[PDB]
């Protein structure tokens, strides 16, 4: 994708993450744990389902028969009709192929985007108390227990409380 996180600086996805699309997997003194990020999962899902509601509709435009399967119409008019129908088929076949391709490109980039936005959000919370690993991980210098991880996941992590510790640990 255009934002270089999915199939980018993050090596791969997690098959264990069945809770949501995006998540945190932490490592500390109390072991290892994993949890989904609701907010980002939801932004992606909503935007995608929004694409669907737009495309999954049929028009109220009625078309009637202009030729006959049981009793062939005059050849000249029949050939004009077939030519016209074939031309229209060529137009819609093109439109459908382009629509789906450009939608799929945008879907993939948008998903990649949401991951990046989540990644950056966490960086801004952890200001100065952490560093960029480079694989989608934040090395935390101060002691961060499970309670501390939960504060990160839920937008309540006060950096100033631990700032002195992690600063010194530089």
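Residue numbers count along the first chain shown, from 1. Think of the rigid core as the biggest set of C-alphas that the two forms share within 1.5 Å after superposition.
S.K.: Superpose by the rigid core: which stretch, 59-67 or 99-107, shows more Cα shift in 5 other deposited structures of this protein?
M.R.: After the core superposition, the stretch with higher RMS deviation in 5 other deposited structures of this protein is 59-67.
S.K.: Please work out which of 84-92 and 68-76 has the higher mean CA B-factor as recorded in the PDB entry.
M.R.: Per the PDB record, 68-76.
S.K.: On average, are the C-alpha B-factors higher in 58-66 or in 118-126?
M.R.: It is 118-126.
S.K.: Out of 131, 112, 37, 103, which one has a C-alpha B factor higher than all the others in the entry?
M.R.: The listed residue with the largest C-alpha B-factor is 131.
S.K.: Taking the values exactly as deposited, rank residue 30 by C-alpha B-factor within its chain and report the matching third: lowest, middle or highest.
M.R.: As the PDB entry reports it, the C-alpha B-factor of residue 30 lands in the highest third of its chain.
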